[PDB]
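In what follows, a single structure is set out as structure tokens and then discussed.
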Amino acid sequence: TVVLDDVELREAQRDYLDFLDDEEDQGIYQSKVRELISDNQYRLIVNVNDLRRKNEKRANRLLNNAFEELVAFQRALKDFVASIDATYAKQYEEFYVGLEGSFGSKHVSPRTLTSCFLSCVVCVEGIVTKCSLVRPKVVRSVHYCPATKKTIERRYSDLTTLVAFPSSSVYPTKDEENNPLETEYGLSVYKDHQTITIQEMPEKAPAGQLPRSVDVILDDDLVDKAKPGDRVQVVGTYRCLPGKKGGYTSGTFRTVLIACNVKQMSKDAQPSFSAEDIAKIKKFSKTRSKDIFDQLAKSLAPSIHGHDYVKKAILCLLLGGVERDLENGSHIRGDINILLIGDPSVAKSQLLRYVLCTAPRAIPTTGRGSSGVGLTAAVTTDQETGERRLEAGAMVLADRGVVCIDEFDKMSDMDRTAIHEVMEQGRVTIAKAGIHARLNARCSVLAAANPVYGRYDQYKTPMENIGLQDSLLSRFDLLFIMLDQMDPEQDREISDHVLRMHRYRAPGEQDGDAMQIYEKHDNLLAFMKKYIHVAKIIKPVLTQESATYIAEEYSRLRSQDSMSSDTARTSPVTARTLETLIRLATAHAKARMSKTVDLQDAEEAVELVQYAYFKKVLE
Amino acid sequence: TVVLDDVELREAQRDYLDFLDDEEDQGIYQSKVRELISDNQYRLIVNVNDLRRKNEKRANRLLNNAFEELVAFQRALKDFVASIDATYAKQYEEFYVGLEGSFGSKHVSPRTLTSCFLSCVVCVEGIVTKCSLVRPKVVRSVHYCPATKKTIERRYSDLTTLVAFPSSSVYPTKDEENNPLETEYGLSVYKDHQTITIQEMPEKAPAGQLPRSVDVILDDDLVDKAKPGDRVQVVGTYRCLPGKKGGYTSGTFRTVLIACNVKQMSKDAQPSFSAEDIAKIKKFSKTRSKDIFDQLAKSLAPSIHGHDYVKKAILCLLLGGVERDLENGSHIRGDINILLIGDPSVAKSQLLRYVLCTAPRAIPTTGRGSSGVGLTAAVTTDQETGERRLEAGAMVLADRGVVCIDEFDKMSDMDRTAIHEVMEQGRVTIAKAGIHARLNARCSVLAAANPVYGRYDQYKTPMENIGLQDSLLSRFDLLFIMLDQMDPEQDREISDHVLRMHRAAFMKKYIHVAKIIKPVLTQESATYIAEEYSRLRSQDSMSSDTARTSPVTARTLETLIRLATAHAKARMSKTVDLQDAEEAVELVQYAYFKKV
Amino acid sequence: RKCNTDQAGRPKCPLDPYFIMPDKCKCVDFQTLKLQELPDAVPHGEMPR
Amino acid sequence: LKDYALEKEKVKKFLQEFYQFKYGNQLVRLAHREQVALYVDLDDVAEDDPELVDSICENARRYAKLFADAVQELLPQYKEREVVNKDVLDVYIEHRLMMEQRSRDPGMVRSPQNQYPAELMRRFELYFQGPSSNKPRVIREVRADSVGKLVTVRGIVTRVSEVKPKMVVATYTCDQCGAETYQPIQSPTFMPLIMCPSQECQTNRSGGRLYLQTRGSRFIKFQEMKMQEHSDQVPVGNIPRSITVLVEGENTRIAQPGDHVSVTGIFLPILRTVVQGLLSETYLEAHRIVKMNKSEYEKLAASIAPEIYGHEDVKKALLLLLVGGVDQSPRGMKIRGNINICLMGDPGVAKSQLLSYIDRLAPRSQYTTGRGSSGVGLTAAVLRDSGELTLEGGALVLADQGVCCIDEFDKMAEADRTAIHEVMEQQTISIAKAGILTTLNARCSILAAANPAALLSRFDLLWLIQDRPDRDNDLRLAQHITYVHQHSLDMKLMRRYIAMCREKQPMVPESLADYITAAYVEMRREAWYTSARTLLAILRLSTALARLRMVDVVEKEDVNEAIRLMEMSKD
DNA sequence: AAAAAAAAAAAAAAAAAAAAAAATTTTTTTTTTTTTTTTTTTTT
DNA sequence: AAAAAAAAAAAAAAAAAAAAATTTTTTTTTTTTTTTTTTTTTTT
Ligand SMILES: Nc1ncnc2c1ncn2[C@@H]1O[C@H](COP(=O)(O)OP(=O)(O)O)[C@@H](O)[C@H]1O
Ligand SMILES: Nc1ncnc2c1ncn2[C@@H]1O[C@H](COP(=O)(O)OP(=O)(O)O)[C@@H](O)[C@H]1O
Ligand SMILES: Nc1ncnc2c1ncn2[C@@H]1O[C@H](COP(=O)(O)OP(=O)(O)O)[C@@H](O)[C@H]1O
Ligand SMILES: [Mg+2]
Ligand SMILES: [Mg+2]
Ligand SMILES: [Zn+2]
């Protein structure tokens with residue numbers, strides 16, 4: 001029953017062959033084809049706004065009736081990529097078409113995935129809940145008869161959504177002469193298959209209501225793009241399933257969402273650049289490399305006044321040091337960790353929310369919101385196979401990322417000790433009788449504790465006034481003390497800054513109703529993310545001069561004479577402090593894009609620790 | 001499923017492609033494939049003897065296993081003609097094979113065909129008995145949706161003797177969303193389909209036995225290859241038909257013969273032409289022309305002594321005249337008819353049987369062997385579809401040939417009244433209530449009759465010695481008298497020759513090409529024949545004691561023209577000259593005048 | 001239960017031949033609520049229907 | 001393949017614009033319903049576009065549908081007045097479209113299967129006539145490959161059923177609702193309906209129970225005719241192949257048994273329903289019917305078979321019969337204007353050839369020799385058909401109005417002799433035989449041939465040919481026939497003159513009454529077998545000679561030539 | 001700071017809902033082959 | 001003129017073909033409940 005011609009399919013394939021034809025235009029989709037051919041990836045992502053502007057009617061048709069339309073799209077894609085390279089187009093029996101763009105009415109959530117959107121490519125944000133085992137599914141199965149020296153290739157059609165017949169589902173095992181057939185597993189062809197479950201986000205979902213979730217069938221090309229707990233935006237074809245054969249049916253049609261693509265809804269893996277921006281960063285580095293750390297430090301966290309040393313230190317954190325894994329796996333960490341301890345109303349939590357909004361893969365942990373098993377990882381059984389699976393915790397999620405600890409003082413001693421190996425080695429070695437593992441959480445921690453008595457007493461020593469053990473304060477590599485001096489002069493400073501920011505408005509965008517390298521220098525007062533992201537990768541090695549100077553300054557800090565009487569130490573100088581010196585030096589050099597840590601960065605690091613650690617308790 | 005590897009099929013196609021190539025070894029099948037390409041034919045014919053000569057084991061596989069090896073053969077032919085030509089192989093979608101040669105144990109009759117030859121290639125002798133109305137079987141059916149404007153095409157396959165389920169043979173009548181279709185008959189493909197019923201040949205069956213018959217199935221370019229009463233020889237595959245969906249089977253498997261080739265009797269051998277044949281016949285035409293007819297008539301039937309003039313007349317009938325058709329629709333026949341008559345033991349039946357053995361489309365019949373309806377055509381009832389039907393008699397089968405009647409005098413008078421049609425027109429106007437017809441039965445009649453009183457009375461006029469009327473003797477163009485002259489030298493030479501014979505192919509070649517030849521006559525011959533027939537039409541032509549034999553007529557003039565043209569065909573001159581006219585004059589004179 | 005063609009072929013269609021076409025079903029939203037009696041409506045000693 | 005909306009646009013513009021508006025006049029006439037059938041001509045369409053013509057030749061049926069619907073939509077703008085509604089069928093169609101207008105609601109959309117179909121509401125029909133480029137192909141040769149193809153054929157007719165009403169669109173009415181559903185028929189059979197898909201029924205959930213009736217239906221003039229190969233077309237030894245042809249609308253009642261036909265049509269299949277596959281019968285759907293090649297003074301008679309010499313008075317009498325004596329039915333008793341001739345002859349004078357030429361000549365002619373047509377061959381018999389004992393005819397009833405050229409009348413069967421006596425005497429054939437009780441009507445004229453009393457006593461002319469051998473006569477005839485072999489009026493023009501001559505209807509004058517009575521009595525005395533039959537013979541020959549002159553009044557010249565002919569015949 | 005008590009977590013076991021799985025020849029029709037009877041056509 | 005051969009029509013019988021056809025039970029899954037361990041939290 002081969003079709004001779006259909007006007008609908010011919011028209012649609014012609015339209016999308018034109019859409020892919022990008023030479024008279026800027027060459028965007030031709031470039032996409034060429035790069036995916038170079039990559040060996042076999043999905044091409046077409047923006048729905050592009051499709052709508054070039055032909056709104058086809059966008060309406062496709063977003064109302066997907067599968068056959070996308071069959072047309074993918075056949076056009078195969079023809080097009082064959083014209084670019086027939087040899088590669090022959091390689092894969094199919095090529096696929098992902099989507100992107102403004103799915104205006106077609107953006108709902110699993111609470112609002114009604115029965116109006118069937119066979120329509122719906123867009124839906126949500127949190128994963130499950131990750132079924134990614135197991136093969138046979139597509140083209142080859143067999144060998146040894147009695148008759150015969151070979152066969154049974155063929156299967158992916159009728160995951162249509163009606164499926166036993167004649168289609170037969171797996172042959174005997175010839176016509178009732179001989180034995182041996183499967184040829186290697187010569188057969190398979191595609192991965194995984195089920196997952198998207199859920200309405202609890203931050204988005206209604207407050208008092210049960211969760212609502214939708215099932216998503218990721219075939220090949222989308223195997224491990226979604227684990228449990230992740231934020232993911234899924235765009236694809238909500239449809240119905242066939243009940244297996246049987247003379248009766250209730251009307252029930254359990255439905256799925258055969259995802260056309262899934263992307264990270266975090267939108268924090270954002271290295272999006274242009275060559276002009278690369279040149280901008282390069283000049284920003286090289287022209288004023290020596291003052292660039294202070295440029296960045298003053299820049300970072302606007303809408304707050306002073307705390308310039310803390311801004312420098314949070315830069316040292318975000319830029320990070322450099323992790324070291326020596327010959328035998330002795331892993332010496334390369335992350336900073338900062339403890340803000342200071343009076344109330346000192347914007348400590350505001351700094352935390354700043355790094356939450358800016359640093360990629362930042363996550364908040366409260367004192368008694370998160371707790372232990374939540375903080376670090378966990379081991380739990382499946383109950384569908386009696387096998388021990390592992391549930392990654394907050395820190396493990398924040399591997400190579402940031403965690404903002406609100407009210408660190410209030411975490412009980414059990415969790416305060418549970419954070420120990422993540423603090424030093426960036427791993428959690430968990431185990432119960434079935435399964436054990438060393439989950440890796442190379443995290444960085446910015447923690448805002450509050451003082452004992454609810455406010456720092458100036459005359460009392462910091463060790464008395466902090467309700468935290470010397471054991472932990474060793475592991476923390478910097479402890480910054482933020483006092484409210486209460487003087488009128490600095491009060492004038494802070495107050496004018498604060499009320500200026502209360503007066504700053506969306507420029508032009510607002511009327512009175514409430515809700516580039518450098519910045520346009522607004523009197524009342526992006527590239528930060530770009531530059532720090534590129535900065536993270538560089539491994540500026542320490543010079544001999546820097547190593548000798550940093551060593552001698554550490555020896556001086558260890559010696560008691562370096563602190564005068566009437567000052568009180570805030571954190572004892574263990575060797576963790578030397579490693580702190582090296583890490584802060586590397587972070588400064590990374591700010592400079594140095595490719596070598598020099599005496600400038602070394603003396604900046606020593607200045608940092610000297611201000612941070614030794615406090616002047618007054619009488 | 002699709003087969004990826006098959007040692008049997010791959011080696012079969014390899015061996016076939018190798019065999020059918022044949023260019024390096026004598027180009028037999030290279031010439032045959034080029035011939036069917038140029039002639040626009042797609043059913044090759046293959047000498048199984050040559051197949052055995054080249055790859056004998058392949059031949060045994062072919063014979064003892066028919067369908068698989070034939071599928072491999074036809075696909076190898078598809079690839080081979082694809083190599084030699086592209087657009088032709090694209091145009092024709094599947095290239096059949098037929099088999100031919102010698103099939104040692106498998107060359108059988110419908111009696112000897114047991115179930116041992118099931119699924120094998122048999123070669124069955126025997127007549128045809130039934131011929132079904134030819135019908136198209138749908139093989140690729142195209143449909144158009146009026147609502148959707150899309151065109152589909154369901155396909156089918158030759159599930160004649162294989163497993164067949166309803167899914168294959170469904171025919172669309174509805175669209176996937178209940179939008180009824182319109183079939184496109186012209187865009188579709190079709191295959192004509194006929195079914196004949198071979199029977200064991202009536203002589204070869206053991207006597208007193210009800211005969212054995214086998215059904216035969218025919219398809220494209222094989223349907224109108226054999227009508228009822230054909231002495232066919234069908235090469236084909238003997239198989240079983242599946243009794244459709246059961247739930248209880250007796251195990252009785254009906255059988256058929258799917259014909260892969262059909263042939264008639266080999267005697268109608270118009271194509272037998274070659275370089276040696278043209279060379280020798282050109283020599284015969286050119287080196288001698290004044291005695292072609294004499295030499296040929298002399299060597300015509302060497303066994304029988306004498307009969308020089310009568311044998312010359314036999315040759316005149318054999319070559320024929322020229323059928324002269326007119327623009328107005330009139331038609332003056334070109335074929336001579338002859339009535340031998342003579343004493344017993346004058347080889348009358350032997351001349352008849354000579355014509356029966358040698359000439360193409362020569363039909364025997366004996367006096368009361370055929371009575372009317374047998375000789376001319378007949379009109380029967382089909383008895384299944386109700387309609388009438390025409391049954392071609394001996395004469396109709398003998399059209400453009402000869403009928404040899406033995407014991408013509410003892411043939412009933414009713415038969416002669418029946419052949420009053422044919423003896424001048426060559427057409428039979430058979431008719432009954434539901435069917436009128438006008439059947440081309442244009443064929444010569446040679447006849448043999450003994451005279452009244454058992455033996456020719458030497459002392460009576462031929463009108464009294466013959467028991468036939470002026471009408472009948474006029475319908476016969478020629479009447480001939482033969483008498484055993486008991487002279488001593490005559491008896492000496494006849495007996496010597498008879499004992500001598502008690503102790504050809506070039507002629508067969510010559511006769512049909514001469515029949516093809518169409519001479520035209522000269523004005524000299526025209527005046528000569530006019531005045532000679534005028535001489536004859538006179539009492540002065542005859543004399544006392546020499547009575548005429550047949551009533552001389554414009555028929556006599558016309559048949560003299562036919563005789564002269566026949567002699568011209570013998571001479572290959574394309575010009576009926578005074579030689580031919582004089583020779584015809586001598587022949588008609590001797591045949592028409594006899595003493596008393 | 002039985003295909004209604006009278007033209008499936010020389011043989012006929014099997015018993016119970018129909019498979020539901022999932023894609024060609026036009027469907028709707030439905031929801032099974034668990035309504036419980038009004039707490040002030042429930043009599044004294046009984047349980048909520 | 002192509003797009004048939006484009007093809008329909010092509011043919012619509014074509015039919016509007018091609019030429020006096022050649023097709024436009026036809027279109028307006030059928031719009032007013034002054035014609036019920038239409039005929040496309042592929043020569044007239046190859047006048048501009050050859051690709052469309054080749055496509056029509058290769059898939060003719062579809063384009064037939066296209067053309068007919070195109071003209072159906074061209075209809076109303078060509079319509080200009082109110083037609084008088086000449087049929088109850090006209091009343092139905094007008095009422096139907098009236099109520100469609102009444103409950104139209106034009107914006108409201110209706111299903112793809114809720115509409116009066118074209119095949120019902122057309123009221124006209126559209127056929128074709130294939131191009132001169134399309135060679136008429138042999139009936140044997142029209143194989144499966146030529147199924148769907150447009151094809152013309154030339155063949156003789158054998159037997160033709162009558163006009164019985166084939167169903168086209170059956171109409172059913174309901175028991176509760178009152179709508180009227182259609183079953184458009186295509187095939188030899190239809191299973192009736194018993195349930196009504198009217199939307200009122202679907203709303204009510206009522207039992208449909210609709211009842212078929214003929215009132216609202218659409219029948220049509222349908223015949224299944226048979227055809228037979230030309231004996232010249234036939235190969236060397238096979239019998240002639242037949243073929244079934246289907247005749248519809250204004251193609252009905254053209255061909256008749258025995259008359260040569262050229263039929264232009266398409267070779268479409270019917271379901272056969274024992275080998276697998278999907279077998280099918282073949283019928284040719286006729287689309288133009290043209291009888292051809294038989295049924296489309298001194299020099300004239302010599303033009304009657306120029307290939308024969310002498311027998312000039314015989315040829316003149318043959319011309320005379322071919323004109324035919326005046327048909328008369330005065331005072332109830334019939335005096336038929338047929339002329340009956342017998343040619344008794346010596347063996348071989350081309351009398352059979354004369355009979356064959358007359359057979360080729362006359363618009364109705366049947367050349368029967370002795371025993372090929374005997375019993376039922378000459379008479380009429382019974383046969384299975386809608387299966388039924390269809391009584392159909394043999395040679396004479398096939399030649400009901402024409403000329404039966406009977407050859408060798410001497411040796412016919414005695415029943416055949418009796419029947420021929422009956423038809424010469426009374427132009428009927430009474431039968432009360434085994435399964436037949438009839439009185440056939442056979443207004444035929446007899447041309448007997450024979451070799452040497454009832455013959456003399458029942459005829460209008462007997463001619464004895466004795467070729468007494470005369471040297472100069474035979475010399476001239478010999479020169480003539482030898483010249484014929486040497487070199488190998490037109491028939492159509494001859495037959496045209498005869499055809500016009502048939503219809504002048506003279507009436508005898510009073511001036512010749514004395515002359516004819518005097519000649520009659522004088523011929524009687526010269527005899528003293530002659531009688532009132534010979535009186536009627538001279539009188540009929542006089543009327544026919546007046547017809548040959550084309551004047552409406554018989555004269556003395558006519559009777560003189562009649563007596564000349566009869567004197568020559570008797571002597 | 002360590003002991004006692006309580007709360008929550010993890011894991012095994014049970015009860016109902018709803019989708020899957022399994023079993024499963026016999027009687028009637030009707031075409032085709034064969035024979036039989038009455039009649040007409042043809043032959044002795 | 002009587003006999004007989006053939007034709008069409010009618011009937012019987014054997015082989016093949018046609019047609020008719022839901023209900024009961026089992027198993028996975030989901031969801032809670034309960035026990036016992038582990039963990040955490042309050043007390044002296
Ligand atoms: N260094 C600062 N510069 C400007 N504003 C500040 C500063 N410190 C505190 N504030 C103001 O005081 C408020 C304190 O809020 P928050 O930081 O949530 O509490 P805490 O400082 O106790 O963590 C902020 O909203 C901010 O407007
Ligand atoms: N002229 C002849 N020469 C040789 N043999 C002859 C001749 N005439 C008759 N015969 C022989 O007579 C035998 C039978 O003759 P046949 O053809 O039966 O004649 P008829 O038909 O008169 O009986 C044959 O064996 C044939 O050879
Ligand atoms: N003048 C003539 N023109 C044409 N043919 C002639 C003529 N005279 C005689 N014949 C021939 O005479 C032959 C016998 O004629 P035919 O019709 O058989 O006469 P009948 O049947 O009455 O004996 C024909 O084949 C014909 O060719
Ligand atoms: Mg004999
Ligand atoms: Mg005659
Ligand atoms: Zn109704």
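Starting from 1 in every chain, residues are counted up; chains themselves are A, B, ... following the order of the structure tokens, and ligands are numbered from 1 as listed.
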Closest contacts (chain E/chain A, max 9 Å, only C-alpha atoms (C1' of nucleotides)) as JSON lines:
{"residue": "E:10", "atom": "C1'", "partner": "A:380", "partner_atom": "CA", "distance": 7.8}
{"residue": "E:11", "atom": "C1'", "partner": "A:383", "partner_atom": "CA", "distance": 8.2}
{"residue": "E:19", "atom": "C1'", "partner": "A:243", "partner_atom": "CA", "distance": 8.4}
{"residue": "E:20", "atom": "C1'", "partner": "A:244", "partner_atom": "CA", "distance": 7.7}
{"residue": "E:21", "atom": "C1'", "partner": "A:246", "partner_atom": "CA", "distance": 8.9}
All residues 9 Å or closer to range 33-42 of chain E, only C-alpha atoms (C1' of nucleotides), same chain fewer than 5 positions away omitted, as number ranges by chain: D: 375, 434; F: 4-14
Surroundings of ligand 2 up to 9 Å, based on only C-alpha atoms (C1' of nucleotides) and all ligand atoms, as a list in words: residues 303, 304, 305, 306, 307, 341, 342, 343, 344, 345, 346, 347, 348, 349, 350, 351, 352, 353, 406, 407, 448, 449, 450, 484, 494, 495, 497, 498 and 501 of chain B
Among the residues F:36, F:15, F:44, F:23, the one that comes closest to chain B [using only C-alpha atoms (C1' of nucleotides)]: F:15
Per-residue DSSP, range 475-520 of chain B, filtered to helix (DSSP H, G or I), as a PyMOL selection string: chain B and resi 475+488-502+505-516
Ligand 5 neighbours within 6 Å using only C-alpha atoms (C1' of nucleotides) and all ligand atoms, as a list in words: residues 351, 352, 407, 408, 449 and 450 of chain D
At most 6 Å from ligand 3 (only C-alpha atoms (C1' of nucleotides) and all ligand atoms): residue list as a list in words: residues 332, 554 and 555 of chain B; 307, 308, 309, 347, 348, 349, 350, 351, 352, 353, 477 and 481 of chain D
Expected answer as a compact mmCIF listing (two decimals) with N, CA, C and O atoms, in the first residue's frame: residues within 8 Å of ligand 1, only C-alpha atoms (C1' of nucleotides) and all ligand atoms:
# COMPACT_ATOMS: atom_id res chain seq x y z
N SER A 303 24.94 47.56 44.51
CA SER A 303 23.82 47.63 45.44
C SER A 303 24.22 47.20 46.84
O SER A 303 23.41 46.66 47.59
N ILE A 304 25.49 47.42 47.19
CA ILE A 304 25.96 47.25 48.55
C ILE A 304 27.24 48.05 48.67
O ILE A 304 27.95 48.26 47.68
N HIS A 305 27.54 48.51 49.88
CA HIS A 305 28.55 49.53 50.13
C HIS A 305 29.70 48.94 50.93
O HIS A 305 29.48 48.20 51.90
N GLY A 306 30.92 49.28 50.54
CA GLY A 306 32.08 48.84 51.29
C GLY A 306 32.25 47.34 51.21
O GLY A 306 31.96 46.71 50.19
N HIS A 307 32.72 46.75 52.32
CA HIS A 307 33.02 45.32 52.41
C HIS A 307 33.97 44.90 51.29
O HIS A 307 33.83 43.83 50.69
N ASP A 343 27.48 41.21 62.80
CA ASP A 343 26.26 41.66 63.45
C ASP A 343 25.09 41.54 62.48
O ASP A 343 25.29 41.36 61.28
N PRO A 344 23.85 41.57 62.98
CA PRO A 344 22.71 41.56 62.06
C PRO A 344 22.66 42.83 61.23
O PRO A 344 23.23 43.86 61.58
N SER A 345 21.97 42.73 60.10
CA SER A 345 21.81 43.86 59.18
C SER A 345 23.15 44.31 58.61
O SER A 345 23.42 45.51 58.51
N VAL A 346 23.98 43.35 58.21
CA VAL A 346 25.27 43.60 57.58
C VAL A 346 25.31 42.99 56.18
O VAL A 346 26.37 42.72 55.63
N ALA A 347 24.15 42.76 55.56
CA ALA A 347 24.01 42.31 54.18
C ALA A 347 24.72 40.99 53.91
O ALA A 347 25.03 40.67 52.76
N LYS A 348 24.99 40.20 54.95
CA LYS A 348 25.60 38.89 54.75
C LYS A 348 24.70 38.01 53.91
O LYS A 348 25.12 37.43 52.90
N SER A 349 23.43 37.93 54.29
CA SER A 349 22.48 37.17 53.50
C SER A 349 22.28 37.78 52.12
O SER A 349 21.98 37.06 51.17
N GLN A 350 22.45 39.10 51.99
CA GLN A 350 22.36 39.70 50.66
C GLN A 350 23.52 39.27 49.77
O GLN A 350 23.34 39.05 48.57
N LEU A 351 24.73 39.16 50.33
CA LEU A 351 25.83 38.62 49.55
C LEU A 351 25.53 37.19 49.14
O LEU A 351 25.83 36.78 48.01
N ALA A 448 27.02 32.09 56.16
CA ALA A 448 26.74 33.30 56.95
C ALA A 448 26.23 32.90 58.33
O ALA A 448 25.03 32.77 58.55
N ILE A 494 26.83 54.69 54.11
CA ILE A 494 25.98 53.54 53.81
C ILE A 494 24.57 54.01 53.51
O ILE A 494 23.90 53.47 52.62
N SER A 495 24.09 55.02 54.22
CA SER A 495 22.72 55.46 54.07
C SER A 495 22.49 56.09 52.70
O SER A 495 21.47 55.83 52.05
N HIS A 497 24.17 55.52 49.99
CA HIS A 497 24.21 54.41 49.03
C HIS A 497 22.87 53.67 49.00
O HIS A 497 22.31 53.40 47.93
N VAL A 498 22.35 53.34 50.19
CA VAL A 498 21.15 52.53 50.28
C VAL A 498 19.96 53.27 49.69
O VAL A 498 19.17 52.70 48.92
Shell around range 118-121 of chain D at 9 Å using only C-alpha atoms (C1' of nucleotides), local window under 6 positions removed, as number ranges by chain: D: 68-69, 72, 93, 168-170, 182, 184, 217-218
Just the selected residues (C-alpha atoms), exported as a short mmCIF file (atom, residue, chain, number, x, y, z; two decimals), in the first residue's frame, please.
data_model
loop_
_atom_site.label_atom_id
_atom_site.label_comp_id
_atom_site.auth_asym_id
_atom_site.auth_seq_id
_atom_site.Cartn_x
_atom_site.Cartn_y
_atom_site.Cartn_z
CA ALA D 68 -19.08 15.18 -17.29
CA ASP D 69 -18.79 17.01 -13.97
CA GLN D 72 -22.52 19.77 -15.10
CA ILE D 93 -34.81 16.86 -9.68
CA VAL D 168 -27.97 3.89 -11.60
CA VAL D 169 -28.85 5.50 -8.26
CA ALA D 170 -31.35 3.67 -6.11
CA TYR D 182 -29.15 7.10 -2.20
CA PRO D 184 -25.30 4.75 -6.24
CA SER D 217 -34.62 6.25 -8.39
CA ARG D 218 -32.60 6.83 -11.56
#
Residue nearest residue 359 in chain B - candidates B:263, B:515, B:280, B:571, atoms counted: only C-alpha atoms: B:515
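Contact shell of residue 38 in chain C at 10 Å (only C-alpha atoms (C1' of nucleotides); same-chain neighbours under 5 positions omitted): residues 43, 48 and 49 of chain C.
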Could you dump the residues just selected with N, CA, C and O atoms as a tab-separated table (two decimals), in the first residue's frame?
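Below you can see result02.tsv, which holds the result:
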chain	number	residue	atom	x	y	z
C	43	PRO	N	-24.37	13.41	61.04
C	43	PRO	CA	-24.98	13.30	62.37
C	43	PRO	C	-23.97	12.94	63.44
C	43	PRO	O	-22.80	12.69	63.15
C	48	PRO	N	-18.61	9.93	58.36
C	48	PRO	CA	-18.90	10.69	57.14
C	48	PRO	C	-19.06	9.77	55.94
C	48	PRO	O	-18.17	8.98	55.62
C	49	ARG	N	-20.21	9.87	55.27
C	49	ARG	CA	-20.42	9.16	54.03
C	49	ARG	C	-19.54	9.74	52.93
C	49	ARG	O	-18.96	10.82	53.08
Distance filter 9 Å, only C-alpha atoms (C1' of nucleotides), chain B against chain F, as an MDAnalysis selection string: chainID B and resid 243:246 380:381 383
Save out the residues we just selected, N, CA and C atoms, as a CSV table (one decimal), in the first residue's frame.
chain,number,residue,atom,x,y,z
B,243,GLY,N,-6.7,-26.1,-1.2
B,243,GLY,CA,-8.1,-25.9,-0.9
B,243,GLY,C,-8.2,-24.8,0.2
B,244,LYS,N,-8.9,-23.7,-0.1
B,244,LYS,CA,-8.9,-22.6,0.8
B,244,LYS,C,-9.5,-22.9,2.2
B,245,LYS,N,-9.4,-21.9,3.1
B,245,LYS,CA,-9.4,-22.1,4.5
B,245,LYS,C,-10.3,-23.2,5.0
B,246,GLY,N,-9.7,-24.2,5.7
B,246,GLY,CA,-10.3,-25.4,6.0
B,246,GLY,C,-10.9,-25.5,7.4
B,380,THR,N,-22.5,-25.7,-31.4
B,380,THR,CA,-22.9,-26.3,-30.2
B,380,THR,C,-23.3,-25.3,-29.2
B,381,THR,N,-23.8,-25.7,-28.0
B,381,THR,CA,-24.1,-24.9,-26.9
B,381,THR,C,-23.0,-25.0,-25.8
B,383,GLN,N,-23.3,-24.7,-22.6
B,383,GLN,CA,-23.9,-25.5,-21.6
B,383,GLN,C,-23.5,-25.0,-20.2
Selection near residue 419 in chain A, 10 Å with only C-alpha atoms (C1' of nucleotides), sequence-local residues under 5 positions removed, as a PyMOL selection string: chain A and resi 372+375-376+395+413-414+424+426-428+472+475
